[PDB]
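Chains A and B, in that order, give the protein sequences. Under the UniProt record's numbering, residues 19 to 59, 70 to 165, 169 to 260 are what the first sequence spells out, in order. Under the UniProt record's numbering, residues 19 to 59, 70 to 165, 169 to 260 are what the second sequence spells out, in order. From the three backbone atoms N, C-alpha and C, an ideal C-beta is built for every residue, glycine too. Down below is the structure, laid out as structure tokens.
Protein chains: 2
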Amino acid sequence: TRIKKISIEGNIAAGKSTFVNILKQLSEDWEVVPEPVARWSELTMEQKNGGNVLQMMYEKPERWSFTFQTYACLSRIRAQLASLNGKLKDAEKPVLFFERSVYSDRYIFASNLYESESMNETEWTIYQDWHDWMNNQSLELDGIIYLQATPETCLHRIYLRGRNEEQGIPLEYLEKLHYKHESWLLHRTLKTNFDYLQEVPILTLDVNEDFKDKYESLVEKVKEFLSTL
Amino acid sequence: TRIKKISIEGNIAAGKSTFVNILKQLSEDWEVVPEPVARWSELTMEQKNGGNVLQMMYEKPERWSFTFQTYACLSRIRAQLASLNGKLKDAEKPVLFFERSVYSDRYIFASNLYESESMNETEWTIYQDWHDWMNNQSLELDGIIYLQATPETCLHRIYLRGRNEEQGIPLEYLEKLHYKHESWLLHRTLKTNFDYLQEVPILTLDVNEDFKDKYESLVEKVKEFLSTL
Ligand SMILES: CCCN(c1nc(-c2nc(N)cc(N)n2)cs1)c1cc(-c2ccc(CCN3CCN(C)CC3)nc2)ccc1C
Ligand SMILES: CCCN(c1nc(-c2nc(N)cc(N)n2)cs1)c1cc(-c2ccc(CCN3CCN(C)CC3)nc2)ccc1C
Ligand SMILES: O=c1ccn([C@@H]2O[C@H](COP(=O)(O)OP(=O)(O)O)[C@@H](O)[C@H]2O)c(=O)[nH]1
Ligand SMILES: O=c1ccn([C@@H]2O[C@H](COP(=O)(O)OP(=O)(O)O)[C@@H](O)[C@H]2O)c(=O)[nH]1
Ligand code: NA
Ligand code: NA
């Protein structure tokens with residue numbers, strides 16, 4: 019039928035990859051689109077390019093932010109389109125869960141990088157123009176699931192996940208991304224250039240408590256949420 | 019009916035803008051898409077972004093080449109699409125003349141910048157990946176008109192046109208772009224990643240001689256060329 023498109027949003031190490039890999043196994047009608055950036059962290073040319081630009085960003089973010097953000101967002105659009113045209117053709121209640129969205133790319137990561145002076149105005153305006161247009165009408172979302180975790184939980188989970196590149200990330204940075212997520216998905220203060228987002232239903236799940244072995248209540252909320260869409 | 023799409027290709031200051039502004043006036047069925055880069059050289073946000081990135085390129089091409097090439101090519105695709113959907117709806121023999129193409133963006137300018145070490149491998153591979161995909165199937172060309180001028184003619188014409196930024200451009204650089212045009216459009220040695228280009232008819236016009244007041248023979252070749260398409 020028509021595939022339902024649901025973004026999973028949340029801070030770094032909130033548990034989106036964990037949650038998405040629980041969901042995919044629970045239904046034959048349920049597919050996931052993993053985040054390209056997450057995959058970058070034998071090799072496809074995307075993964076070669078992605079690792080290089082990721083490493084260079086850790087060296088010099090004010091040189092590479094624009095390049096990274098454009099490639100991260102292009103790679104997400106192509107992976108989302110491939111799943112939308114390659115999967116759930118024989119599903120009765122098809123749902124595709126996106127690990128983050130083109131909207132987190134812009135309004136969380138790229139925005140923060142502009143605010144941190146890692147992109148100058150021209151870079152940021154070119155990026156927004158490119159983004160507005162690269163999204164010329169489809170990946171429009173039926174709903175968003177916000178996995179809400181404290182910056183402290185995410186810091187603890189970065190430690191748990193043990194990526195060497197990430198161990199130095201300060202709480203301040205996580206606090207900044209946290210505040211952007213709260214503004215966009217909870218208080219809904221943040222104004223985007225995508226009218227329909229104002230209307231999109233948002234399910235907010237508290238995932239401060241470990242859920243890897245105790246996720247049934249979260250899944251019950253997803254199923255109830257999906258039934259309303 | 020179906021709009022015929024014809025690229026006008028050639029070196030810097032060969033006379034493409036002059037030739038295109040002669041053609042547009044000769045038929046109500048004939049429209050032109052001026053090159054965004056040419057327009058960048070009151071202001072739309074594209075022109076603000078375009079002038080900034082153009083000026084920065086003259087300062088530091090190895091920093092800005094990727095950003096410039098992506099924005100130059102996006103701006104061309106949107107301007108070409110706007111003309112294809114906004115013009116010649118009531119024409120019997122509609123023709124849209126493109127000032128250069130997405131193919132000159134890649135195989136002339138972006139290629140040269142990679143070869144001049146102004147883009148590193150990752151930048152060049154990201155750029156080619158983005159280009160391959162941003163062209164996901169339409170702007171496909173019915174034909175190409177190659178305005179062929181010697182590097183010396185183009186150097187003389189850069190002098191004639193009197194842009195201050197351009198007066199220092201060496202003959203060596205023009206010679207390099209010349210050789211890329213000869214490889215792509217005359218000898219057809221250059222292999223692109225667009226199969227159908229192998230098949231596209233090419234009209235080659237010698238424009239070493241001034242044509243501003245003496246263009247009737249060139250136009251007669253265009254009309255004969257168009258009749259075969
Ligand atoms: C695990 C985080 C990795 N990370 C980033 N990831 C993304 C990202 N974009 C997407 N579209 C999707 C996605 N999944 N991820 C953007 S960036 C990162 C940050 C810095 C860094 C370095 C320094 C700073 C702040 C510096 N500022 C200067 C002082 N003050 C004015 C404010 C702070 N911010 C981010 C570097 C590398 C990477 C990979
Ligand atoms: C009038 C030309 C402007 N110009 C350019 N224009 C484009 C361009 N791209 C499009 N997609 C469309 C389009 N219309 N134009 C790309 S670049 C330029 C060149 C240098 C420069 C500076 C230096 C070099 C060569 C340096 N190399 C080092 C030594 N050796 C290894 C080889 C030479 N090449 C180009 C700078 C600024 C601009 C704007
Ligand atoms: O309830 C949870 C959720 C996540 N994790 C761990 O926290 C880290 C980050 O999770 P994930 O990679 O899914 O976070 P994402 O960055 O995808 O949001 C990983 O080591 C997970 O195994 C955990 O122990 N309990
Ligand atoms: O037959 C010609 C063609 C061009 N020009 C001049 O040569 C310069 C470059 O022409 P144009 O801007 O059209 O070149 P493009 O860069 O568009 O190929 C300009 O000063 C033109 O007026 C000329 O005197 N005679
Ligand atoms: Na599944
Ligand atoms: Na006309």
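Measuring only the C-alpha atoms, how far is residue i from residue j?
i	j	result
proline 232 of chain B	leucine 221 of chain B	15 Å
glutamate 230 of chain B	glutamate 171 of chain B	12 Å
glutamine 179 of chain A	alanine 119 of chain A	30 Å
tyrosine 246 of chain A	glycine 33 of chain A	12 Å
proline 52 of chain B	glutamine 43 of chain A	53 Å
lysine 88 of chain A	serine 129 of chain B	33 Å
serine 132 of chain B	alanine 31 of chain A	43 Å
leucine 236 of chain A	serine 214 of chain B	59 Å
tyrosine 204 of chain A	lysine 211 of chain A	11 Å
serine 146 of chain A	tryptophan 92 of chain A	8 Å
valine 123 of chain A	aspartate 47 of chain A	6 Å
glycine 79 of chain A	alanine 100 of chain A	11 Å
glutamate 49 of chain A	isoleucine 189 of chain B	57 Å
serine 144 of chain A	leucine 141 of chain B	29 Å
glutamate 197 of chain B	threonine 72 of chain B	23 Å
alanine 138 of chain A	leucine 249 of chain A	29 Å
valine 81 of chain B	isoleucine 175 of chain B	28 Å
For residue i, which three-state DSSP category applies?
i	result
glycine 174 of chain A	strand
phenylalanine 256 of chain B	helix
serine 129 of chain B	coil
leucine 221 of chain B	coil
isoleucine 189 of chain B	helix
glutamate 240 of chain A	coil
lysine 88 of chain B	coil
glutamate 151 of chain B	helix
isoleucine 26 of chain B	strand
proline 201 of chain A	coil
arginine 104 of chain A	helix
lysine 117 of chain A	coil
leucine 71 of chain A	coil
Would the beta-carbon of residue i be found less than 7 Å away from any heavy atom of ligand 8?
i	result
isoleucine 30 of chain B	Here the bound small molecules are ligand 1, ligand 2, ligand 3, ligand 4, ligand 5 and ligand 6; ligand 8 is not part of this structure.
Less than 8 Å between the C-beta atoms of residue i and residue j, yes or no?
i	j	result
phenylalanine 256 of chain B	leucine 228 of chain B	no
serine 59 of chain B	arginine 194 of chain B	yes
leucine 260 of chain A	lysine 22 of chain A	yes
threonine 223 of chain B	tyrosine 135 of chain B	yes
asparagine 239 of chain A	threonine 184 of chain A	yes
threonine 150 of chain A	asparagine 163 of chain B	no
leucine 217 of chain A	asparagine 29 of chain A	no
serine 25 of chain B	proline 54 of chain B	no
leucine 191 of chain B	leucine 202 of chain B	no
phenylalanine 125 of chain B	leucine 41 of chain B	yes
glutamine 97 of chain B	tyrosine 177 of chain B	no
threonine 95 of chain B	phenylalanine 94 of chain A	yes
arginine 106 of chain A	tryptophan 158 of chain B	no
Can you tell me which residues form a DSSP beta bridge with residue i?
i	result
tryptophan 48 of chain B	B:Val123
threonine 235 of chain A	A:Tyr177
Residues of chain E with a CB under 8 Å from the CB of residue i: which are they?
i	result
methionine 85 of chain B	Going by chain labels, chain E is absent from the structure shown, which instead holds the protein chains A and B.
Beta carbons nearer than 7 Å to chain B: which residues of the region 129 to 150 of chain A have them? Near chain B, meaning a CB-to-CB distance below 7 Å, the residues of the region 129 to 150 of chain A are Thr150.
Taking a Cβ distance cut-off of 8 Å, strictly less, list which residues of the region 99 to 125 of chain B are near chain A, in chain order. The residues in question are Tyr99, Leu102, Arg106.
Name, going along the chain, the residues of the region 195 to 221 of chain A whose beta-carbon falls closer than 7 Å to a beta-carbon of chain B. Answer in chain order: no residues at all.
Along the region 169 to 195 of chain A, what residues have a CB closer than 9 Å to any CB found in chain B? For the region 169 to 195 of chain A, which is checked against every Cβ of chain B, not one residue is closer than 9 Å.
Using a Cβ-Cβ cut-off of less than 9 Å, list which residues of the region 32 to 53 of chain A approach chain B; keep chain order. Among the residues of the region 32 to 53 of chain A, none has a Cβ less than 9 Å away from any Cβ of chain B.
When you check each C-beta in the region 222 to 241 of chain A against every C-beta of chain B, which residues fall closer than 9 Å? Across the region 222 to 241 of chain A, no CB contact with chain B closer than 9 Å is found for any residue.
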